[PDB]
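Side chains included, hydrogens not; waters and symmetry mates left out as well; all remaining heavy atoms used. Residue numbers begin at 1 in each chain, while the letters A, B, ... track the order of the sequences.
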Amino acid sequence: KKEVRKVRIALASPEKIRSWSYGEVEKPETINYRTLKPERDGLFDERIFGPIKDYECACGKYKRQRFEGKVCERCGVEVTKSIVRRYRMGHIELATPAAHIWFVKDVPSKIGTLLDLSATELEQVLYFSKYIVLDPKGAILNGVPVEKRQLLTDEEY
Amino acid sequence: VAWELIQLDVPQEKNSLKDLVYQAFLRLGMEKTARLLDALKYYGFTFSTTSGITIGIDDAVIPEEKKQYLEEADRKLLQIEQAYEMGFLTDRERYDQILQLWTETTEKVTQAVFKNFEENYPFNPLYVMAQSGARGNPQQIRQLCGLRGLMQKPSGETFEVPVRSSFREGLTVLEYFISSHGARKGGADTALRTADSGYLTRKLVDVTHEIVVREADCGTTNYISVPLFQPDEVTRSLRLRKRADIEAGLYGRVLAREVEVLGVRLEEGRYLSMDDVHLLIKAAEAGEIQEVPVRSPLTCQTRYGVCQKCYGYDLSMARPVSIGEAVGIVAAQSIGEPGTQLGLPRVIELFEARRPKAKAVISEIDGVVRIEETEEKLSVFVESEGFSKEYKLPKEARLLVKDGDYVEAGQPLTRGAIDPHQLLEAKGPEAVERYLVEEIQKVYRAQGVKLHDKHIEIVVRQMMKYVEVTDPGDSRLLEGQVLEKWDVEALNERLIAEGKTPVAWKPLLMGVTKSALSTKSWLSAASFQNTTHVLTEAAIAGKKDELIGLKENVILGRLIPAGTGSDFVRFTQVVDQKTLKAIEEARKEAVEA
Amino acid sequence: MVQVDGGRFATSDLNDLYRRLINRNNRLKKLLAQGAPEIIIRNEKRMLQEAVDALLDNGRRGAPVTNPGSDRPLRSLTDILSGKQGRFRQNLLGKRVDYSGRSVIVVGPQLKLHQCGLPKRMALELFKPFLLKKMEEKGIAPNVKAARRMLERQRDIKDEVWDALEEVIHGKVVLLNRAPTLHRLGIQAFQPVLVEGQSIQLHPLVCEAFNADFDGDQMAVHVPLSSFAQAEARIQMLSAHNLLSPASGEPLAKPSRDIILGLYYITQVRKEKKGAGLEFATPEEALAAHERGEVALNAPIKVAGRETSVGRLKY
Amino acid sequence: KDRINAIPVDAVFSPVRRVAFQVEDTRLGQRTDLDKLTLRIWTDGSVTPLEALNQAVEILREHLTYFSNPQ
Amino acid sequence: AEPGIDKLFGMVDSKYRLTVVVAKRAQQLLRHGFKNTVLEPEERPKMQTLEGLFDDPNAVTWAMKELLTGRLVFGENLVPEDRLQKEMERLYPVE
Amino acid sequence: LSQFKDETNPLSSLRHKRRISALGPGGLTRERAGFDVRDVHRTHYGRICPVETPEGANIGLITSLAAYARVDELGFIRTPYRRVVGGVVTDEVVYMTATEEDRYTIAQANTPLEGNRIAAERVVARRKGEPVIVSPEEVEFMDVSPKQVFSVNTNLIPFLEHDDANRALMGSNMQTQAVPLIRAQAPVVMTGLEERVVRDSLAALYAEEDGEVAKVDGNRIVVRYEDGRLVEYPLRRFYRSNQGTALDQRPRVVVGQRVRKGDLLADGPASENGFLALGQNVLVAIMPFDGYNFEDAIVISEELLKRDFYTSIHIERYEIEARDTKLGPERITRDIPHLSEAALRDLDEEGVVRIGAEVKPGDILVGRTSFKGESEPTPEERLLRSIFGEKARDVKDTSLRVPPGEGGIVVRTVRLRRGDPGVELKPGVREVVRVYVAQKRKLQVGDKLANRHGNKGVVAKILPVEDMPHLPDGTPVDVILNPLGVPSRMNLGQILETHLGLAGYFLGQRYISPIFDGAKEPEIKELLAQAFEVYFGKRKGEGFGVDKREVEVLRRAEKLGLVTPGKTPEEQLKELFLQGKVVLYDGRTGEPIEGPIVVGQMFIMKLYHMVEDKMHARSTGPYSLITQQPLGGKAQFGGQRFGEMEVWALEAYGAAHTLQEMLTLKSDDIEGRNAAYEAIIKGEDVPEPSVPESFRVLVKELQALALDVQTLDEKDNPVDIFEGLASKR
DNA sequence: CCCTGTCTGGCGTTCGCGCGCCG
RNA sequence: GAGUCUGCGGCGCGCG
DNA sequence: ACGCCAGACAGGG
Ligand SMILES: [Mg+2]
Ligand SMILES: [Zn+2]
Ligand SMILES: [Zn+2]
């Protein structure tokens, strides 16, 4: 019941992405015409986001406010209005990483300045097009000892 | 007390009345004044209907002298032509000379028309409206009875032929068209000033919103001195600043130190009323005071905020400022309205530290001046038998410092506008601030606007709420951080915890826009500049937005840190002598057995 | 994801971009599991990378478009949070009041700076909930829902309702706003005095504070709900208490153009004709002669005659 | 609403279109400063100028009596 | 304008405080029963459809009219935060 | 580029048909590049009006073309110029291209001419955008008419020569907003194009060839031409203009009338007698009143409402559709499920409202019934129904009602059912129902009127004819204009029209003063002199002389300097009348108004009342789906915007809660506005604000982005904005 | 390797209200 | 013991 | 189209 005295922007931990998350949207299925209902697990599924209806559930095992804070034994629907549907978050698990454009194309490349790379051109170079790196150890040569952090191509790799 | 404050020795003008309201406000009290207003309101309106003042075509009366002055100037124009048809006057000289003929002749008809109304028709419908604070403008009247004479071409070069007609008589077919060009630029101008007037009010607010009055007389007495005299109108001649201007600077202010002037003892901390600032001018007249020590926002100690003794008088009411008044906004606003009348481009160049069109090389060194004659470039040198500060002054630049006398740091060595950064370097911050302030007022003054310096100060202060670091302690050297946050650092590093690690900084000047772009909290910054950037950085570094200031704390829909949310008055309880005794009965019952 | 018309469906463009990302990430998952020819893996990760930008910020790098219909950048998340009419700006300026109103203003000469003429019809809706309750306090209506239905139609209002409203606004005040809100006086509080019609009666002297003449300017109107908001609104925000301007210590309740014309006219002195001697200052025959000469046609009632023109001698 | 589909019309009840009065100086042997009031009244015909004038003077008299009971 | 606003303004240290006071007083005037006033007898608040304002028209119009008298007491911390609401319900009847 | 035709009044439509815009394909001119384009370039002569351009951000960029301006072969606005070889002017004309015009020495029309001979050695001409005093021998080309310099729209201003271009603009634009009055009168003083405008525009109906009239219906006029043919000319009885104005053709020809070729048979929506007419000629006194005409307010004589002088028929076309929901088709019937028969009278035809029925705000225009829930019935509504009567029609009332504001009489109705004739019914759309409502707009206090010069303003008070300014003779004025609004603005033209109008009142004649060449101050004084015999001449014969009043004002007048001292009041009053001013008595006191005051016939028009006029006051109502801010539309007015400019205003003041209130209880605080209402219904104290949805909506928007926005406590620790929906499971 | 200069890369551009149109 | 759902982005014009 | 700020890289000692 306390007063909000300080607000704070902080980076998101992948685990935190999951923590605020309810379900994962794993398919491009908006809503199937026949029934203006959410298609499958898709972008509007109600598990992942929330009760498509008032206080009522899915199938209808529990339908009013007396048991407001409990979930259906057979179907998991906790309910307030459909607002719980408009505040919940879902996450998508990308295959191979991609980066925030907010951090890479701001005049000073927050990653370009932090990572000593060509502040604006080396980034754009390997981010959107093609160039690879060696993590801990790789005893054999190219001509010189293993590159601890430098990057090699698919052909010489 | 009604005849004590009224002058029945002259017709009641908007000003005589303006001044009667003000007096009545100070003398008799707020609501009683309100009574007076409606009273005047009621009779002014009634007398008005009965007076029977009405515009008539014949009411606009043309001077009989118009015919003369036009002919007199007409023949003179022929002389200018015959003088060119011979080859005496350059193509240019001809033009500039003809303009000057009309420029004067038009102004001549101006005073003529009025002279007619003054001597023969004191009660002319059109006239009286203009004289009375009612309606009318000396330039306008002229376009009806006199003549609206010069209307410039599309570009800006005024037309060579004037508009010989008045609106009384048929403004001809072409004279109309010719005059049209100007009207169109005027309408386009008004459209782009309206947008820029609201934007300036946005930027002023972006940096001064947080500024609010929350205090106790801040004890750091470092005050500002309000000058009463101005240097160069004519090369060098000291003069008493205008009544208006000086008033603008000392009215409702709080003296920093005691001043004994013409006989009376103006105490310290006293708020000088308009009458008091009338005293000091009369005294400077006699020659007893050249400056005036007065508290000002420019030198407050309260990091985020400004105190009662520093701000001054002007609340909407005439008594000292009440603690908890949003001054930042109130200031930002009083500057953004008049702007729509301006010009403005300069005001922008001023709030935004920039390198104006016509720059003026400031003397970074203070010694005396000296000039040279070689062909290509001239040169103004501030020198000593030790060193000179070479000032490259190209062909087009007009220098007025001569071969010979002294030139303090940041002094105009060229003519025109100045670059704040340089002036900061040369003469120091206490000089930039006062420069900015006066140089900004210069425009509104010249336009009729009368705004108190308080406001432009509030703002300009924030332009300099930041400074660079050259001798570290906690964090690395090159850094631009909040001035007062260093005063904190240095204060506890020398006072509370030992080891004098002096935190040497450098005063940094920034424009209203960049100070808002780059401030402490992000919420405020997310509002104008680039939401994209602002947030990036604020994220990287887990930034905790401590909510202070009205912009950031409005977004949350939380109560305003200023106003009633004022920590000073957010808590105040009320009582009835009946509940006062009852609570005391609760204390009495506390005695056990 | 809403139903528009006939079957048309509108969804925020964000979804088109979400599809983009989903599709590419998936096709990528499948392109790595099937067999991976370098060229095609990168070619996709690229498109992939661009997609991720799209939802975050569109336009930083190229601009995605909904298929042939509108070459419009799909409003990307950055777009939603930034600008003039963006999300960060919707919060800060908080834009739409529940108890608001607006009509055309018209001069209210008899009105005192203290009050403003507000259309009763406007009031009725404005102070509706406050009125409903008052209806019940009286016999006009049994209950709230009753009182509401009572007012859902214009031909159903008993003259008694107006009594109730007139009574509910007793000492409450409302705020008035003008087109550009340049200064704090851009908004002022006044006591609403219910009036007939469409127009809103405004006081003349305040016409200076809000840049407002009467060629059609329209002013908005709000209502302080809390007993706290009303307090401040009538104490420190009402018109009559904010007479001086925050810019200059000069008044803003200065008589305008109309008032001054009147107050001037009345106080001016007239001058007319001096052809014959103007010296009453000294002779007693100058009093007589120039007083009979005035009765005649020679000396006016207001002659340049130093001490006293015959106009003063006579009366 | 005599008949349900009838349409009401604007009511114009003043039997007078215009009134005009002049006060010209009149001579009475001893003092020349005197007033003479001649008011000309026009009527649509419904009522007469004289009838109107009389009703007028009556409404004024009826109002002059309303000054009777103080409070 | 309004009754003795100047007088009022003069009774407080700061303008915005008077506002706090008048508001917090009109609140209590309604809450613990509207009879919780200090000057009702002879001359008091009044409206004219009848002289009925004596019961509940405007809250703060009364608060003002009271504060203009020297009966109330407004301080930064006059009476301990919670014990005031307890003793006020104890002595003032109307509900 | 293509938009709604602005047919407020025919002249409007005609103007919106020929105006030139800058913005467009995007290839040509963009919006933040314009100062250069916006100006009235030199060459804009006779090709583009300098006056017609809009006031505002889009200035100088969108503008209607000139008088004789005509696009030739390829988009080059050319203009007419008559030839003049040597000192001889021709009646021959050449539409010249903008570029070719530069090559010659063109002269003005004002040049004195005896036929084909120039008449003055040093006569004006303009080489290339440069005024030059040329000789009759160099005058190669001459201007057609001063008209050509401006547009049609502007050409309509009587003495444009005496009006500042900036206000002339406002005068032109105002005509485009003129609304068609039942009683259309042409201005007492015209320019010369009023005839032409109604003709080239298609207002009035003209006679093809010569003939006689057969039948004169209120619906058709079938004439019989002399070539042995006869045509029936229907007349758009009463049709709905785009902008909701009335368009009726009123026959002006009697039965059996030999008509000349090109003669008006019927008058257009706003024509008197083939002349353009918008608003009406009213007598006006130009003086100040109490405060009723303060900055720009106008005082109207109730007398103007007696005779329907400013009355306008308006038609609003409300429309409703019987949609097909998967919950059950929305039926259209007389059945309004829950409360009264009293609201179902007018709804006489089962469903539809009957024609000729007075519809007041909040009455049912058309009934309709849809289904109650989204998919399920109601558990609490199930008990209520069963208690008083379980068998309650489950269908919900969704009927087209009269939106707050106004309705009038229902004049026409349209219904498209199942077997559509040749109509395009949208999908889902079972059937549609149009209901045309009309209403006389008597002039009221809200309305705004303005004269062709620029004087704009709203009606502040409708005075009783009883006590408003009256003339020596019983004739009282209609409107009283505030003098002060004339000096500042520069439009003496209005003061000139009123004078000439004064003469026309007692001389009983209308006039036509061209643009730059019209009437002159001496000629008007002359007509007024004639007017004095009309006014004072009958006064002398009717039997009476001058008033004590009339003499007193005269004293004050000669002491002023309006009358030559020493002349007889008869002679004096004439001199004062010629001034364009007459003596007026207060009407309230019967005492004169010290000082002559001008009066006259000034043509003034009423402006179109948008839905912006019909005021918007909103208590509680709808709200947006994604943003939770108040919004209306159809019947719920919709909330006003509080803008930052205004936030600051309150920020300035110590108005803390008043601002809190605006940002929480009144707009976004979902739980707050609710508790707020209930509290006020109760006469209680509003609760304390819960977090605003915009913030909540923002945090998540920001969460949509990698960024994590967490609120914190005293010591940097959590706090919860989202009351409990964020914790998981 | 340093400092200086030049094109280069990213963002911003009153306020409120009407009406009407369109996927 | 009533409350859902629609009205968005943009465009054009007009008032202030 | 523009204006302005901030930037990253390349040329001349
Ligand atoms: Mg206006
Ligand atoms: Zn279930
Ligand atoms: Zn201080």
Side-chain angles (χ1 to χ4, degrees), chain A residues 54 105-108 118-121, chain B residues 191-202 336 340 352 354 511 513-514 517 528-530 532-533, chain C residues 2-5 8-10 12-13 60 66 69-70 72 75 82-85 93 95 102 104-105 145 177-182 211-213 215-220, chain F residues 1-4 6 8 16 19 21 23 29-34 54-58 62 173 176-177 242-243 338 372-374 378 380-381 383-384 396 448 456 607-608 610-614 616 622-627 631-634 636 638 640-646:
Chain A
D54 262 25
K105 269 307 194 162
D106 207 82
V107 232
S118 311
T120 42
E121 190 173 307
Chain B
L192 256 86
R193 215 105 43 51
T194 320
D196 288 284
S197 212
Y199 200 20
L200 220 57
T201 17
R202 175 164 154 182
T340 310
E352 237 65 86
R354 306 181 172 190
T513 276
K514 215 184 85 176
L517 268 48
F528 159 27
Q529 186 254 161
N530 190 8
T532 305
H533 183 187
Chain C
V2 180
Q3 195 168 208
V4 200
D5 237 30
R8 280 134 137 167
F9 274 50
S12 210
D13 283 20
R60 291 276 155 133
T66 301
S70 28
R72 176 182 59 228
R75 208 175 218 180
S82 86
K84 218 178 170 188
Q85 27 197 51
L93 329 199
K95 304 270 211 167
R102 66 160 198 74
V104 174
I105 68 169
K145 304 184 67 163
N177 201 184
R178 158 70 198 195
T181 332
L182 300 151
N211 188 34
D213 56 327
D215 60 5
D217 308 57
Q218 32 171 65
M219 282 161 86
Chain F
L1 207 137
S2 259
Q3 327 106 165
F4 228 79
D6 174 355
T8 315
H16 185 279
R19 78 160 152 169
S21 170
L23 53 71
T29 150
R30 251 181 196 153
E31 187 126 307
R32 242 86 223 220
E55 276 253 10
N58 286 33
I62 284 64
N173 292 50
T176 313
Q177 311 152 313
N242 243 13
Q243 306 319 286
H338 252 168
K372 236 58 195 181
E374 305 290 277
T378 318
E380 324 258 62
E381 175 192 21
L383 292 177
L384 169 64
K396 179 173 244 242
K448 73 178 70 179
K456 198 155 178 301
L607 279 304
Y608 173 85
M610 216 172 252
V611 194
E612 82 120 72
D613 150 278
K614 284 305 170 76
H616 262 314
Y623 292 131
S624 159
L625 199 66
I626 52 289
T627 65
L631 280 107
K634 242 178 182 70
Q636 255 92 295
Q640 235 63 74
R641 193 168 236 198
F642 202 64
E644 51 187 313
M645 243 116 197
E646 309 87 298

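- Dashed line: the shortest gap from a side-chain N or O of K95(C) to OP1 or OP2 of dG16(G) is under 4.0 Å.
- Rounded to a whole angstrom, the distance from the P atom of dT14(G) to that of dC4(I) is 16 Å.
- Within the structure, a side-chain polar atom (N or O) of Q640(F) is placed less than 4.0 Å from OP1 or OP2 of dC17(G).
- In this structure, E644(F) and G638(F) both approach DNA chain G, and ranking their closest nucleotides by distance from the 5' end singles out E644(F).
- Bases of consecutive nucleotides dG20(G) and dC21(G) are stacked, their six-membered rings being centred less than 5.5 Å apart at a plane angle below 30°.
- Within the nucleic acid shown, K634(F) has no heavy atom closer than 4.0 Å to any nucleic acid atom.
- Closest approach to the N530(B) side chain among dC15(G), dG12(G), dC19(G) is made by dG12(G) (side chain taken as heavy atoms from C-beta onward).
- As judged by a 4.0 angstrom heavy-atom cut-off over every strand, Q177(F) is placed among residues touching the sugar-phosphate backbone only.
- Between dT14(G) and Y199(B), no contact under 4.0 Å exists linking OP1 or OP2 to a side-chain N or O.
- Distance, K105(A) NZ to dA8(I) P: 11 Å, rounded to whole Å.
- You'll find that the side chain of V107(A) is closest to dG10(G), out of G16(H), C15(H), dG10(G).
- In this structure, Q529(B) does not reach the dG10(G) phosphate: none of its side-chain N or O atoms is under 4.0 Å from OP1 or OP2.
- For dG23(G), neither phosphate oxygen OP1 nor OP2 lies less than 4.0 angstrom from any side-chain nitrogen or oxygen of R72(C).
- If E646(F) and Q243(F) are placed on DNA chain G by their nearest nucleotide, the residue sitting closer to the 5' end is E646(F).
- Within the 4.0 angstrom heavy-atom criterion, no nucleotide atom of any strand lies near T378(F).
- Residue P622(F) is classed as having no contact, given no heavy-atom separation below 4.0 Å to the nucleic acid.
- Where pairing requires Watson-Crick or G-U contacts shorter than 3.5 Å, the helical stems of RNA chain H with at least three consecutive pairs are G:15-23 with H:8-16.
- The separation between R178(C) atom CZ and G16(H) atom P is 10 Å, rounded to whole Å.
- Summarising the geometry, the separation between NE2 on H533(B) and P on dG10(G) is reported as 14 Å, rounded to the nearest angstrom.
- In this structure, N177(C) does not reach the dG16(G) phosphate: none of its side-chain N or O atoms is under 4.0 Å from OP1 or OP2.
- In this structure the side chain of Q243(F) reaches within 4.5 angstrom of the side chain of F4(F), judged on heavy atoms.
- The side chain of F4(F) approaches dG20(G) more closely than any other nucleotide in the set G16(H), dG20(G), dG18(G).
- The shortest distance between side-chain heavy atoms of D106(A) and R60(C) falls below 4.5 Å.
- Among the atoms of the strands shown, base atoms are found under 4.0 Å from some heavy atom of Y623(F).
- Between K514(B) and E352(B), every side-chain heavy-atom pair lies at or beyond the 4.5 Å cut-off.
- In this structure, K84(C) reaches the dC15(G) phosphate: one of its side-chain N or O atoms is under 4.0 Å from OP1 or OP2.
- Closest to the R641(F) side chain, of the nucleotides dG16(G), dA8(I), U6(H), is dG16(G).
- No engagement by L182(C) is indicated, since no non-hydrogen atom pair under 4.0 Å with the nucleic acid exists.
- Nearest nucleotide to the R202(B) side chain, out of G14(H), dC15(G), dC17(G): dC15(G).
- Note: NZ (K448(F)) to P (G16(H)) measures 6 Å, nearest angstrom.
- Here the nucleotide nearest the side chain of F528(B), chosen from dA1(I), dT13(G), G16(H), is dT13(G).
- Residues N58(F) and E31(F) form a side-chain contact, since some pair of their non-hydrogen atoms from C-beta on lies under 4.5 Å apart.
- In this structure, the nucleotide among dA6(I), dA1(I), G16(H) sitting nearest to the side chain of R32(F) is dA1(I).
- When distances are taken from the side chain of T194(B) to each of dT14(G), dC19(G), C15(H), the shortest belongs to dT14(G).
- Summarising the base pairing, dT8(G) is matched to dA6(I) through a Watson-Crick or G-U wobble pair whose two defining distances lie under 3.5 Å.
- Using a 4.0 Å heavy-atom criterion, one finds that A10(C) contacts no nucleic acid atom at all.
- Between the P atom of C5(H) and the NZ atom of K372(F) lies a distance of 14 Å, rounded to the nearest Å.
- Looking at the side chain of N173(F), the nearest of the listed nucleotides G9(H), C5(H), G14(H) is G14(H).
- Comparing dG23(G) with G7(H), their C1' atoms are spaced 15 Å from each other, to the whole Å.
- Using a 4.0 Å heavy-atom distance criterion, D106(A) is classed as making no nucleic acid contact.
- Regarding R354(B), its CZ atom lies at a distance of 9 Å from the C1' atom of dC5(I), rounded to whole Å.
- Summarising the geometry, the separation between CG on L1(F) and P on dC21(G) is reported as 18 Å, rounded to the nearest angstrom.
- Side-chain N/O atoms of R8(C) include none lying less than 4.0 angstrom from OP1 or OP2 on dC22(G).
- One can find a donor-acceptor pair under 3.5 Å joining the base of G1(H) and the side-chain atoms of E380(F).
- Distance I62(F) CD1 to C13(H) P: 5 Å, rounded to the nearest Å.
- Among the nucleotides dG18(G), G16(H), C13(H), the one closest to any side-chain atom of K456(F) is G16(H).
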Legend entry - Residues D13(C), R72(C); criterion side chain to side chain contact (heavy atoms under 4.5 Å, CB included); working and verdict: CA-CA 10 Å; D13(C) 283 20; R72(C) 176 182 59 228; 3.9 Å; yes
